[PDB]
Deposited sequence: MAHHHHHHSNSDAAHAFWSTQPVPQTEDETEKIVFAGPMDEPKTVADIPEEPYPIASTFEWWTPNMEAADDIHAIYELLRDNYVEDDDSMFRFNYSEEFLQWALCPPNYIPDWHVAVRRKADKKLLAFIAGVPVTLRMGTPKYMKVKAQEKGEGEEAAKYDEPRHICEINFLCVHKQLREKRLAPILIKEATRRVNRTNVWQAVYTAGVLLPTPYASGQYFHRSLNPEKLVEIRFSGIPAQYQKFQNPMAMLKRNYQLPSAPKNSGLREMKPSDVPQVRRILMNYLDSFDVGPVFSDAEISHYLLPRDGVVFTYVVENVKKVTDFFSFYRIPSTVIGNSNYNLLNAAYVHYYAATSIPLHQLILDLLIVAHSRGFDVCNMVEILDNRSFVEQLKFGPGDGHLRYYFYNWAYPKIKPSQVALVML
């Protein structure tokens, strides 16, 4: 019942595969660029106009995080004609940008010298990623006798995740974005890191995986009244069509699993174990320490919500979801849309659809209006029984400086904003 509404001067110089045809022919994982060392990377920041300066924000400082908050609030807009606007609170931004061992230098900003107004931003965070040759390719490579080349890059790699690329609207379409990407590349290279991973809605050279978005209505009445959803014509036959619509997406009001409770700090080592056990099944996936599990998964009000199944003693299952609220433009009754995004999870004692059913119940009980996700992990497996519908977006996954075969999004275990 959803409302469906839908030459590279810089990227052709970058160490990424340049065509879909190239990517579909890659058989081994490995770097694109020729080997470099840190000393081969320019010491000085990339030149920008004299009215501007590079600035590294201190995220512990109120003024700095507020400055980044305001830039993104007013300028981090994928579509000016959308009826919605994503909102990234300072707490959200600290959670996304300041994981344990984050590198301040990788938060790259441009500001105007005279008044110190922040005009552009791009952010990298460390992540440890398994990104060696997909298991099927390695298998096929072994049958041809090339197993050790296929396995050469199997060790998890300490790399960079790039997000929150943003140019102030006054500075748009002036090639500042390539400069931001070059400066981040420079700074990351100077840390002896040579690959990055990143996601985008736009199609760039060249994704290794792409996945459709899916939505699960939690407050159908509100979703229709803001035109996120429509009430289709067959409902225009029934007696109280809106009552019929609310009945169709009705959930139980209390979760089905006993032992389900909010995650607490003492759960961290066990959640790490069952998560890692699950994520290692996928060709591309992160490796998390206890500190990273704690930072990314411990409940964080207004940002991250995480529950465990602990039916006496042992943590056997868990799920998590994070919040991004959308401003609703021009609606008399509603100003905000509260969206729950499926995060990490692991099921070992109950079917996956049963665990995610409880996610929906908990998310609904916490006032969320819609539950969103991309078809990574095993998310595709419960779409139909839990009444998710596909949206119009696609999340495209890219590597920088990494030759990588084309894979399915169900082969990807890295949750990325």
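Missing from the model, relative to the deposited sequence, are the stretches 1, 8-13.
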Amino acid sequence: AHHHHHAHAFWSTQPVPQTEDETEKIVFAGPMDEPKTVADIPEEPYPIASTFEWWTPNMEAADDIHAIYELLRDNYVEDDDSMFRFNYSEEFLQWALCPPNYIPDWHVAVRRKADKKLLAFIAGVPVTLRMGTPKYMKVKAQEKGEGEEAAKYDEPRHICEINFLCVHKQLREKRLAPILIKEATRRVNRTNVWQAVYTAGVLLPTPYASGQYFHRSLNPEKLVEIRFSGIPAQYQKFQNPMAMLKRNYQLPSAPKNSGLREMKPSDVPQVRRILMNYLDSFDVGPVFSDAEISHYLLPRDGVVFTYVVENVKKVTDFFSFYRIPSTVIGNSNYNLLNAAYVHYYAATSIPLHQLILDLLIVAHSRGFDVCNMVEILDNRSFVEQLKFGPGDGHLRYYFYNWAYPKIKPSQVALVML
From here on, numbers count along this sequence of modelled residues.
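For the pair 81-89 and 165-173, the record assigns the higher mean C-alpha temperature factor to 81-89.
Stretches 22-30 and 373-381 differ in mean C-alpha B factor, with the higher average recorded for 22-30. The PDB entry gives the largest Cα B-factor of the residues 216, 300, 117, 152 to 152.
Highest CA B-factor among the listed residues (188, 231, 284, 223): 231.
Among the modelled residues of its chain, residue 393 has a C-alpha B-factor that falls in the highest third, as given in the PDB entry. Ranked within its chain, residue 60 lands in the highest third, by CA B factor from the PDB record. Among all modelled residues in this chain, the alpha-carbon of residue 327 has a temperature factor (C-alpha) in the middle third. When the modelled residues of the chain are ordered by C-alpha B-factor, residue 200 sits in the lowest third. Ranked against the other modelled residues of its chain, the C-alpha B-factor of residue 310 as given in the entry falls in the highest third.
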